[PDB]
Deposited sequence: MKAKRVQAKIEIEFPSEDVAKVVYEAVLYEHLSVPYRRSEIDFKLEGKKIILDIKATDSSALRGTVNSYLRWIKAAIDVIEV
């Protein structure tokens, strides 16, 4: 969940671009509006960085 919808939309528009620059994914991942743990942590880091840039 997010505090609102606009912030989620901006975060998605900022991170999904980085997501689509890596074709080979370890496993299916839902991204919309042991390797798996680390990979998900990586996307969480991306989303964080993106939101705190603002």
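S.K.: Which bits of the deposited sequence have no atoms placed for their C-alpha?
M.R.: Coordinates drop out over 1-12, 46-59, 81-82.
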